[PDB]
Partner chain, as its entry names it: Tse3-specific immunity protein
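Below, in structure tokens: the form solved without the partner chain, a single chain.
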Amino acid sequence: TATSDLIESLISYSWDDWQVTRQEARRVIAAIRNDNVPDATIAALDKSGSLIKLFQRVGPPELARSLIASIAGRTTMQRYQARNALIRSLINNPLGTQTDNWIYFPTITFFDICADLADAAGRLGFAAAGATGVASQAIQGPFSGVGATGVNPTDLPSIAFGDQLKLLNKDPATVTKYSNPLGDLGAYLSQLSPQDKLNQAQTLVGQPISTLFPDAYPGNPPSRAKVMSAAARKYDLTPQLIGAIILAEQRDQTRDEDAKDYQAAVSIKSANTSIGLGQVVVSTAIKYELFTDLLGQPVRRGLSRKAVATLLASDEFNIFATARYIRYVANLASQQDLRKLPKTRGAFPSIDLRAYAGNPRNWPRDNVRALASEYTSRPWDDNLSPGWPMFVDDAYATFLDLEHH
């Protein structure tokens, strides 16, 4: 193909030219991504013995990641040929892609994640690129975590050593610095205009996902909204309900909290923190296999705890995890006997347990309120979160209003 022709030239050596430079590698990657016949291109490269050379010669891990994610993402019928060539290419024991943010994924696992993600994105309808909807520039206070800013938790600088020492000694002032920013939830909402609220919601859903696998997508990363819609369809939810849960968490989130969430989880301590958009707890993601619909069993079986924590920092994995767990909680609700949940019935008298089995568009508002309690706290133990239900319900009202807009 025209693309394989160019790639063969770019990776070749000459009288001069004893290396595939970073710029040549970038051109190769762009050619792969711009290609209208990617399977044909891979077939041609393999036939000429150039496929293994391609993987071996694109050296810096950051470029290897882009190359491998792009090829895994674009291939269908030649998927196996690419994977096999990648495997053969690693015989001289390169770092491959296993560095930096991706140090918890072996190189072949990186390929397999990208293949599964691209396939999921295609099948579930979130492959298509979103606009560069604007992120918040905030660096502290409520609504300054990744939901607002698009700054990935895995990209945040190491917490200052002085603070790590204070956090270790459980210093009140420093703990607060890295914890939930909101005390009185209702007081927080009371200080926002309707327009402020719609703005937050739009900021959250309108911007591209902060993803650890951007080149697995055919173009630019999809909007949060698109991924939330895909998850809503997969789990019989709505983007308004998923968005309400996430907007509540993100209002009660800061940049510093994000840094602590991630860094503690992958430290030698392997802390069980809540991570990312939906503040999914690492243990919950493992207990309930929350990536089931984006990653195959072979990939999931091999994931380390720290790999799981890292995936939770990738917005699309987090949105699917959040949504799958919401549907788990709703399904569990539908199996309950309301007579055995007198505190729940007391607090939410219009709760309809059977309705939980269906779509949120047909849920009473009390179902949204009760589920908010039972998302943040243990589900259906008849112990309720004090203020989370009205906090999420207000965000829900906003999404119904935004949906209105």
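Think of the rigid core as the biggest set of C-alphas that the two forms share within 1.5 Å after superposition. Numbering follows the first chain given and starts at 1.
> Would 14-22 or 392-400 have the larger average of its C-alpha temperature factors, as given in the entry?
The stretch with the larger mean CA B-factor is 14-22.
> Return whichever of 263-271 and 281-289 has the greater mean Cα B factor according to the PDB record.
Result: 263-271.
> Per the PDB entry, which option out of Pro221, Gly125, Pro153, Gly133 has the greatest Cα B factor?
Answer, based on the entry's C-alpha B-factors: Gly133.
> So among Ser229, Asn331, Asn169, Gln250, who wins on Cα B-factor in the entry?
Highest CA B-factor of the listed options: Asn169.
> Considering every modelled residue of the chain and its Cα B-factor in the PDB entry, is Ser48 in the lowest, middle or highest third?
Highest third - that is where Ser48 ends up once the chain's C-alpha B-factors are sorted.
> Select lowest, middle or highest to describe the third in which the CA B-factor of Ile87 falls within its chain in this entry.
Middle third, going by the recorded CA B-factors of the chain.
> Taking the chain's C-alpha temperature factors as the reference, tell me which third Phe161 falls into: lowest, middle or highest.
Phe161: CA B-factor falls in the highest third of its chain.
> Of the three thirds of its chain by CA temperature factor, lowest, middle or highest, which one includes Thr203?
Tercile = middle for this residue's CA B-factor.
> Can you work out whether the C-alpha temperature factor of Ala307 puts it in the lowest, middle or highest third of the chain?
According to the entry, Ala307 has a C-alpha B-factor in the chain's lowest third.
Although it is not shown, the form solved in complex with the partner chain is what the next lines describe.
> Which of 192-200, 133-141, 149-157, 176-184 has heavy atoms within 4.5 Å of the partner chain in the deposited complex?
Looking at the other structure, the answer is 176-184.
> Considering non-hydrogen atoms and a 4.5 Å limit, which listed residue (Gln336, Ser50, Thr376, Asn359) is close to the partner chain in the deposited complex?
That would be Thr376.
> Looking at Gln81, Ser274, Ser304, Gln98, which has any heavy atom no more than 4.5 Å from the partner chain in the deposited complex?
By the 4.5 Å heavy-atom cutoff, the listed residue in contact is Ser274.
> Under a 4.5 Å heavy atom criterion, is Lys260 part of the interface with the partner chain in the deposited complex?
Taking the distances in the deposited complex, the answer for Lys260 is yes, it comes within 4.5 Å of the partner chain.
> Determine whether any heavy atom of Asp252 comes within 4.5 Å of a heavy atom of the partner chain in the deposited complex, and answer yes or no.
Contact with the partner chain, yes.
> Though only this chain appears here, would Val281 touch the partner chain in the deposited complex if you measure heavy atom gaps against 4.5 Å?
Judged by the heavy-atom cut-off of 4.5 Å, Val281 is in contact with the partner chain in the deposited complex.
> Hey, in the deposited complex, does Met390 get a heavy atom within 4.5 angstroms of the partner chain?
Contact with the partner chain, yes.
> Within 4.5 Å of the partner chain in the deposited complex, which residues of 43-70 have a heavy atom? Give them in sequence order, or say none.
Residues within 4.5 Å: none in this stretch.
> Using the rigid core as the fixed frame, list which single one of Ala135, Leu167, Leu192, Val281 shifts its Cα by at least 2 angstroms between this form and the one not shown.
If I go through the list carefully, the shifting residue is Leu167.
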